[PDB]
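Data first, discussion second: the structure below is written as structure tokens.
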Amino acid sequence: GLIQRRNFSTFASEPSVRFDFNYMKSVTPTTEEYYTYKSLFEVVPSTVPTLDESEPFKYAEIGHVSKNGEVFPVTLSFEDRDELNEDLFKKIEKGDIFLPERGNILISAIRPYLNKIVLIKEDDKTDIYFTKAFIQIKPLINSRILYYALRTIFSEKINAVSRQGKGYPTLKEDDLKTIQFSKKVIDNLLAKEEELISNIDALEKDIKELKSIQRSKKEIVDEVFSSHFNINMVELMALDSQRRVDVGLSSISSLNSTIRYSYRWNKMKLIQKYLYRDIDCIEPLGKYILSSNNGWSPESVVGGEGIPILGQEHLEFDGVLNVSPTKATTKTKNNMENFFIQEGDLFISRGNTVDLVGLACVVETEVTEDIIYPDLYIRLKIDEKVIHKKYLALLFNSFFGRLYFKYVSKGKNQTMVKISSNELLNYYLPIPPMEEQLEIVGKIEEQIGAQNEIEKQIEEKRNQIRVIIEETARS
Amino acid sequence: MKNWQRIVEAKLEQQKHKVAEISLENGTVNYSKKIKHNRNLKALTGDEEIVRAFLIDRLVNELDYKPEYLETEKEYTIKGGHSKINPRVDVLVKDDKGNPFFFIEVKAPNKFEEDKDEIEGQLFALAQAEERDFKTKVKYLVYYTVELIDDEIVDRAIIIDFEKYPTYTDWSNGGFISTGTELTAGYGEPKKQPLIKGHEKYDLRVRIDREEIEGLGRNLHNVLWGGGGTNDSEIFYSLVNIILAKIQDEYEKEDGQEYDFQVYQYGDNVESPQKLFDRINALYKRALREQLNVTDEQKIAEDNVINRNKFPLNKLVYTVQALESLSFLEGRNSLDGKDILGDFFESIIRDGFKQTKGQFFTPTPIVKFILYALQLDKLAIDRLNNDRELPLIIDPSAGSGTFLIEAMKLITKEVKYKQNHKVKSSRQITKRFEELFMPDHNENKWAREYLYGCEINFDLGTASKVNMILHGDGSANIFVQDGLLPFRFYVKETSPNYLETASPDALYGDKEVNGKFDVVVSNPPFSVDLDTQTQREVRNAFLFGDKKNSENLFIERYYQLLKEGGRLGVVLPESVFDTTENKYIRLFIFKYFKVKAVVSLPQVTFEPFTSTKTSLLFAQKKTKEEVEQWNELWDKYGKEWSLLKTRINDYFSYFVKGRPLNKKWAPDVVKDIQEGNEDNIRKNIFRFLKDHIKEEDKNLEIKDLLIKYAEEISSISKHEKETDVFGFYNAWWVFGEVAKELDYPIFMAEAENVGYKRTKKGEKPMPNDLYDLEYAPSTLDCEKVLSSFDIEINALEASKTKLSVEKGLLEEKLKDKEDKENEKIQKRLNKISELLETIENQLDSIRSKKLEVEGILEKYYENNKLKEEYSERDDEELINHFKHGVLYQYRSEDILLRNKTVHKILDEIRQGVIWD
Ligand SMILES: C[S@@+](CC[C@H](N)C(=O)[O-])C[C@H]1O[C@@H](n2cnc3c(N)ncnc32)[C@H](O)[C@@H]1O
């Protein structure tokens, strides 16, 4: 419910004579002093830089970059030929790689409403390789001021010149050059630069303190499980880092049933014997497993306007699947009945790094739209009367499962190791009464809600920064 | 007050033998004391008692059956589930040998349609227990009821044999395989009597009420779909074929000849595989031969009615019985001739048809908003008052004919009922109105010559044609051909064909233009796929034939359909409004159409089917004079653009490329340079760069200015690619200069919520930003509302009178008798008396709410009509009153047209936009 009543002549304000509710909400009869991109920026054309294949590189594709402006690169090497990395390499070899300079602000060119703006500054010596669809601009004026302005003030203009079409909003270099920047706001920012930058520096220092005091999910799960089971972590770190095991002949045939003797299997058995020493009620997972179904994912491209698919980063240590698909498959299959994600399901990670392999998650939010879960996943249906769905995920994300899966995994490289269903059948668990499982889940949930309070304070600080910038610019 | 109650009373009074009696004054029912009854029934619980009494009287008096052989209310103690239930039988008819020949169960007419599954739970168990215990042989289970045909009550019986179909799986093949519709006297074999056309005794049913129709749709859905849900294909289209065959046969039959859509059971058993399939296939062949424009014998040769493996004929035989008694083509006649079968069609349209990507139906909230935003109602009214005609409407992408159906309903419900006072009473206008709208049975008959359509799909085309038959049009205008075909290819050999005509247009480019349709409403498909065999031909009739955006050819069709002043209200995707490659089509709409409004629909308006953003374009075709002015302005400013480009490229060549300042290459440039006039040079540079320029650049020199701008010079200098419809000029520069002269305001709006949330699992409404409903009717009968509450109060007052009389008489016996054991009776009568005061108290509460409803009535309705101060309907109290509290009924769900206040987008579109 917003009526604008524009004029015909205002349609010819853009070279492609657009007319739609967006970009004409922004086009206004009132005229003010303004700046163009010639005075505030300059678009740096993309170039393909030479790279050593052996030396690892840090790469990100839109999703790794967070909305708050912190990059989460992945470290990859050319000669890995990793199974998940095949499509990334195919993209990179065609020129889909980028080396930003220092002091330049990177702007995402896909879904600008997510505010995925990144500042690259001289402070960080390490250089990050970025994907394309990032518009590097060199700020003639102080880079930090323009970074803060584009993130908060001039975001409406950037959203205006974005073109949706049939699909999702996109941004283009010419459209970016089309944006009109107010004289008064920029002049006020330049006049109060010193005070404003000092204020933002203080607020970001407070943010970094709050981030330092925050404690990670893996530590939460490990500490809760260790406290409940009285496990001593330093003892495990002493036993796990041995590299020498003296194995007796009689020890071979202990819950083995296949007479497997190997360094990895016997190390795992020794660690399990240390873990399950005081703990009782150890039981196999094959008795209480109902079924296991491996998902499968066809060829796909980032976007594609098809049925959505997940990624390997969506798995979390808390045991909750953070649903936020970035890519989709445009072509259709013959059968998709069980390839969608449902509520209250257990998903297991088959192929990943030796650390994050066998990671388990539970879908708790409302699925609504059907979404395809990739091949590197297992849907696990279990006996609900004896074992709770989230307790298994928390155990797998705990060191209890990490230690088992670092030795059971069979992979051709440390970057990807693939587990199967056979060890899931043969895995041994501490399975206390369901009351104990619910108590453990409750402790984890409360200790995670505390951390949630910490990051909500963090966005409180972020909103304070935004308010300071807006009040400085307005008057 | 129902007349048939008096008819039944008179018929029972005329009977010689008083074996069953009813007294309405005392509300009592009396039967012969010879028949044993386990309970003393003395109160009228509903119409079921009257029906049972009438049936008993008819059986005893007319069919010469001894009343003593009939047994009522025989009690058995049965074990149901984990508890004990005590059901009783209504009617038992046994022969002289003691075998129960007839097990008749009577059900109330109110729940007759709904209570069909209970036959499994309340009848089968008793029969099984009887056969297990008493070793009896049940030959035919018989269910009897009354059927209202031509306002006459007749028998209607269903006959099921348990011996014939022992197992539940076998029973599925039966599909309403009952012996006969009506019974036979003298123990004769039941015979099904075909419905002879135009024969007074047996005919099709009219005046069908809703309560039988929603239940009918429900159980046919449950049977045919069987809980499958939505997987489309044979479950849906087969019903369409059966209904089409029914329409065809009801059309081709003559008076005195029975219908072929009837099952014959002269031999007590019909062969469902063969006899039904032969007749239905012949009927569907005749349907495709006559109703759907023949489609040539070549198509009929490969035609097939149903799928042999996929669609068993048992459901076909089941549905033949359900749909035989109904009158699909002409009957209707529900609630003073209004359509009931049409709503019976949108039910099943919404459920049985699974919709996916590439097959959408435009939601009704958007369709009616589009139709009302064009002011179609007042357009039709003004056209009828001035030109004595109705506007010509076409949907070249009709699909299920949603737009045409809602347009027909709008015109009929606006020119006749709601905005009737607008039309003139002049003799010729009155005669035209009589010819168009007056016949109540055929009020939707103007659509024969006015509504047009086009759908490329044969299945959807057939479905739309059948729906249009059901509503009342007659179809004959929904072509099942492609919408982009040349005009001469639209032939139907019927009432005058407006779509076949064509002519060349000078301003359009000497291509074919129809120009006969007043209004075009459509939802053109995204990424239409052109037919490969006709593409080389059809793409030659459009200006932008080969621009790789085939869907943008539809926007051209509208220009070829509308006449000067036609109204366009199509639903375009957002790509037309923003994408750069569509810049050509946006320069088409601007040239020929007067863009009057654009509405930005939200993302969820078509979810979950598609997530693409769409918008609404309301435009009006320009006259020839306006296009001529546009052309003259375009040429006038293109000359300036050419001369300016020449001068600017000359300057840019001189100042960096350094060509000599000779005479022959530019006269004005060399004259100004030698005369030393840089002011004119700066003026020319400014005029060329009318955009991308700032006032401060006035201080720059003729060197640094050019070296600073550079790329804008090259961008402006490049002319358009089309070069055939735009010429050798820059589209943007000349368009800006032209639109400066021809500037006019344009309404633009956005909708945040469209009143619904469509998802796979369910439906959740939200506030509707597009429009608001009336809620409060513009015409409500005070007399009817008062008479309603009067009838409930009178019905309860009869009971309060008889209960008071009986309690008084019981008190009289209490005073008379010695009260030895009568004290318990005194306590019982005291308890029922106290119940009488409690029911009187709740009746007094009913009286209080009746009085407050009356107060509301004179507060809002004066002279039995809503008065003008609430006509705009901003009153929150009235809306709250009608959204609950017995005022939920009556009510009006029509879109509210506000002439005073602007609250929703439709109000501003209807008020602040001036057409013509
Ligand atoms: C977009 S849907 C909705 C149409 C209509 N508004 C409705 O609700 O029924 C129309 C469908 O009919 C088809 N259609 C209509 N006209 C067509 C044509 N001229 N050529 C090809 N397909 C057409 C399209 O494929 C599309 O899937």
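What follows is calculated from the coordinates using simple rules that are stated; it is not laboratory data. FYI the Cβ positions are ideal-geometry reconstructions off the backbone, even for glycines, and counts take in every protein chain you see.
Yes or no, residue by residue, for (1) buried (at least 21 other Cβ atoms within 10 Å of the Cβ); (2) more than 29 Å from the chain's Cα centre (by Cα); (3) away from the ligand (no atom under 14 Å from the Cβ); (4) within 29 Å of B:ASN631 (Cα to Cα):
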| residue | (1), (2), (3), (4) |
| --- | --- |
| B:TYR450 | yes, no, yes, no |
| B:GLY453 | yes, no, no, no |
| B:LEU470 | yes, no, yes, no |
| B:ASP482 | no, no, no, no |
| B:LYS511 | no, yes, yes, yes |
| B:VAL528 | no, no, no, no |
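Take segment A:109-146 and flag every residue that is touching a residue at least 60 places away in the same chain (Cβ under 8 Å) and of a type in the set (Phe, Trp, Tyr).
A:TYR129, A:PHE130
Testing B:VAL595 on (1) surrounded by fewer than 21 Cβ atoms within 10 Å (Cβ to Cβ); (2) free of Cβ contacts under 8 Å to residues at least 60 places away in the same chain; (3) within 12 Å of chain A (Cβ to nearest Cβ), one condition comes back false. Which one is that?
For B:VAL595, the exception is condition (2).
Yes or no, residue by residue, for (1) within 23 Å of A:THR170 (Cβ to Cβ); (2) more than 14 Å from chain B (Cβ to nearest Cβ):
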| position | (1), (2) |
| --- | --- |
| A:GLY1 | no, no |
| A:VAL44 | yes, yes |
| A:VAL48 | yes, yes |
| A:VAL71 | yes, yes |
| A:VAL74 | no, yes |
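Select from segment A:393-416 the residues that are of a type outside the set (A, V, I, L, M), touching a strand residue (DSSP E or B) at 6+ places or on another chain (Cβ under 7 Å) and buried (at least 21 other Cβ atoms within 10 Å of the Cβ) and list them in ascending order. It would help to see each step written out before you state the result.
Going through segment A:393-416, the residues of a type outside the set (A, V, I, L, M) turn out to be A:396-402, A:404-407, A:409-415.
If we keep only those that are touching a strand residue (DSSP E or B) at 6+ places or on another chain (Cβ under 7 Å) too, we end up with A:396-397, A:409-411.
If the condition is that a residue be of a type outside the set (A, V, I, L, M), touching a strand residue (DSSP E or B) at 6+ places or on another chain (Cβ under 7 Å) and buried (at least 21 other Cβ atoms within 10 Å of the Cβ), then A:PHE396, A:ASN397, A:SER409 are the ones that fit.
Hey, could you check segment A:17-40 for residues that are part of a loop (DSSP other than H, G, I, E, B) and among the hydroxyl-bearing types (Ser, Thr, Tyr) and say which is farthest from the other protein chains (Cβ to nearest Cβ)?
Across segment A:17-40, the extreme among qualifying residues is A:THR30.
Here is a yes/no grid of residues against (1) out of contact with any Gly (no Cβ under 9 Å at 6 or more places or on another chain); (2) surrounded by 13 or more Cβ atoms within 10 Å (Cβ to Cβ); (3) of a type in the set (A, V, I, L, M); (4) closer than 30 Å to A:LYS381 by Cβ:
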| position | (1), (2), (3), (4) |
| --- | --- |
| A:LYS418 | no, yes, no, yes |
| A:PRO433 | yes, no, no, yes |
| A:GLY442 | yes, no, no, yes |
| A:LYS461 | yes, yes, no, no |
| A:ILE468 | yes, yes, yes, no |
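Looking only at segment A:427-462, count how many residues are aliphatic (A, V, I, L, M), over 30 Å from A:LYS269 (Cα atoms) and in contact with a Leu (Cβ under 9 Å, 6 or more places away or on another chain).
2
One line per residue, one yes/no per condition, for (1) within 14 Å of chain A (Cβ to nearest Cβ); (2) in contact with a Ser or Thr (Cβ under 9 Å, 6 or more places away or on another chain):
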| site | (1), (2) |
| --- | --- |
| B:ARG488 | no, yes |
| B:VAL513 | no, yes |
| B:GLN533 | no, no |
| B:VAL576 | yes, yes |
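If you scan segment B:382-399, which residues turn out to be within 16 Å of the ligand (Cβ to nearest atom) and either part of a helix (DSSP H, G or I) or of a type outside the set (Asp, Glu) (or both)?
The answer is B:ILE393, B:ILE394, B:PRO396, B:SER397, B:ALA398, B:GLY399.
Taking the stated definitions as given, is B:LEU379 more than 14 Å from chain A (Cβ to nearest Cβ), within 21 Å of the chain's Cα centre (by Cα) and either within 15 Å of the ligand (Cβ to nearest atom) or outside any loop (DSSP other than H, G, I, E, B) (or both)? Show your work before the answer.
Numbers: more than 14 Å from chain A (Cβ to nearest Cβ): yes; within 21 Å of the chain's Cα centre (by Cα): no; either within 15 Å of the ligand (Cβ to nearest atom) or outside any loop (DSSP other than H, G, I, E, B) (or both): yes.
So B:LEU379 does not fit the description; no.
Anything in segment B:400-441 that is in contact (Cβ under 8 Å) with a residue 60 or more places away in the chain, more than 16 Å from the ligand (Cβ to nearest atom) and closer than 21 Å to B:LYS465 by Cα? List them, or say none.
B:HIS441
Would you point out the residue of segment B:455-468, among those that are more than 10 Å from the ligand (Cβ to nearest atom) and farther than 28 Å from B:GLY337 by Cβ, that is farthest from the other protein chains (Cβ to nearest Cβ)?
B:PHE458
I need the full set of residues from segment A:364-390 which are away from chain B (no Cβ under 14 Å) and under 23 Å from the mean Cα position of the chain (by Cα), in order please.
Here is the first cut: in segment A:364-390, the residues away from chain B (no Cβ under 14 Å) are A:364-365, A:372-390.
Those that are away from chain B (no Cβ under 14 Å) and under 23 Å from the mean Cα position of the chain (by Cα): A:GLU364, A:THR365, A:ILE372, A:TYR373, A:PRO374, A:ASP375, A:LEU376, A:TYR377, A:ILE378, A:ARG379, A:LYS390.
Does segment B:621-644 contain at least one residue that is within 14 Å of chain A (Cβ to nearest Cβ) and in contact with a strand residue (DSSP E or B) (Cβ under 7 Å, 6 or more places away or on another chain)?
yes
Among the helices (runs of 4 or more DSSP H) contained in segment B:613-707, which hold 3 or more residues that are under 25 Å from B:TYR729 (Cα atoms) and in contact (Cβ under 8 Å) with a residue 24 or more places away in the chain?
It comes to B:624-652, B:678-688.
Only residues in segment B:352-367 that are more than 8 Å from the ligand (Cβ to nearest atom) count as the first member; pair them with residues that are assigned to a helix (DSSP H, G or I) and aliphatic (A, V, I, L, M), Cβ under 8 angstrom, at least 6 apart or cross-chain, and list the lot.
These pairs meet every condition: B:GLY352/B:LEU224; B:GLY352/B:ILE235; B:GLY352/B:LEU239.
Checking B:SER325 against (1) away from the ligand (no atom under 16 Å from the Cβ); (2) under 17 Å from the mean Cα position of the chain (by Cα); (3) of a type in the set (S, T, N, Q), only one condition comes out false. Which one?
Tallying (1) away from the ligand (no atom under 16 Å from the Cβ); (2) under 17 Å from the mean Cα position of the chain (by Cα); (3) of a type in the set (S, T, N, Q), B:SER325 fails exactly one: (2).
Restricting segment B:763-780 to residues that are charged (D, E, K, R) and part of a loop (DSSP other than H, G, I, E, B), which is nearest to the other protein chains (Cβ to nearest Cβ)? Explain how you work it out, then say what you get.
Our first condition is that a residue be charged (D, E, K, R); within segment B:763-780, this holds for B:763-764, B:769, B:772, B:774.
From what is left, the residues that are part of a loop (DSSP other than H, G, I, E, B) are B:764, B:769, B:772.
Values: B:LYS764: 12, B:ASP769: 5, B:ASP772: 12 Å.
Restricting to residues being charged (D, E, K, R) and part of a loop (DSSP other than H, G, I, E, B), the top hit is B:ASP769.
Filter segment B:891-915 for residues that are in a loop (DSSP other than H, G, I, E, B) and either surrounded by fewer than 16 Cβ atoms within 10 Å (Cβ to Cβ) or within 13 Å of another protein chain (Cβ to nearest Cβ) (or both) and give the result. Steps first, answer last, please.
Pass one, segment B:891-915, residues in a loop (DSSP other than H, G, I, E, B): B:891, B:896-904, B:913-915.
Correct list: B:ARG891, B:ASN899, B:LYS900, B:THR901, B:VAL902, B:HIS903, B:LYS904, B:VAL913, B:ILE914, B:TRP915.
Restricted to segment B:713-723, and to residues that are within 15 Å of B:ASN649 (Cα to Cα) and either in contact (Cβ under 8 Å) with a residue 40 or more places away in the chain or within 10 Å of chain A (Cβ to nearest Cβ) (or both), which residue is surrounded by the fewest Cβ atoms within 10 Å (Cβ to Cβ)?
Among those residues, the one meeting the criterion is B:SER715.
Quick check on my filter: what residues within segment B:724-762 are more than 8 Å from every other protein chain (Cβ to nearest Cβ) and of a type in the set (S, T, N, Q)?
B:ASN730, B:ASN753
I need a count of the residues in segment A:336-347 that are over 23 Å from A:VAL301 (Cβ atoms) and either surrounded by fewer than 16 Cβ atoms within 10 Å (Cβ to Cβ) or in contact with a helix residue (DSSP H, G or I) (Cβ under 7 Å, 6 or more places away or on another chain) (or both).
Qualifying residue count for the region: 6.
Check B:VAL538 against each of (1) part of a loop (DSSP other than H, G, I, E, B); (2) away from chain A (no Cβ under 14 Å); (3) of a type in the set (A, V, I, L, M) and name the one condition it does not meet.
That leaves (1) as the condition not met.
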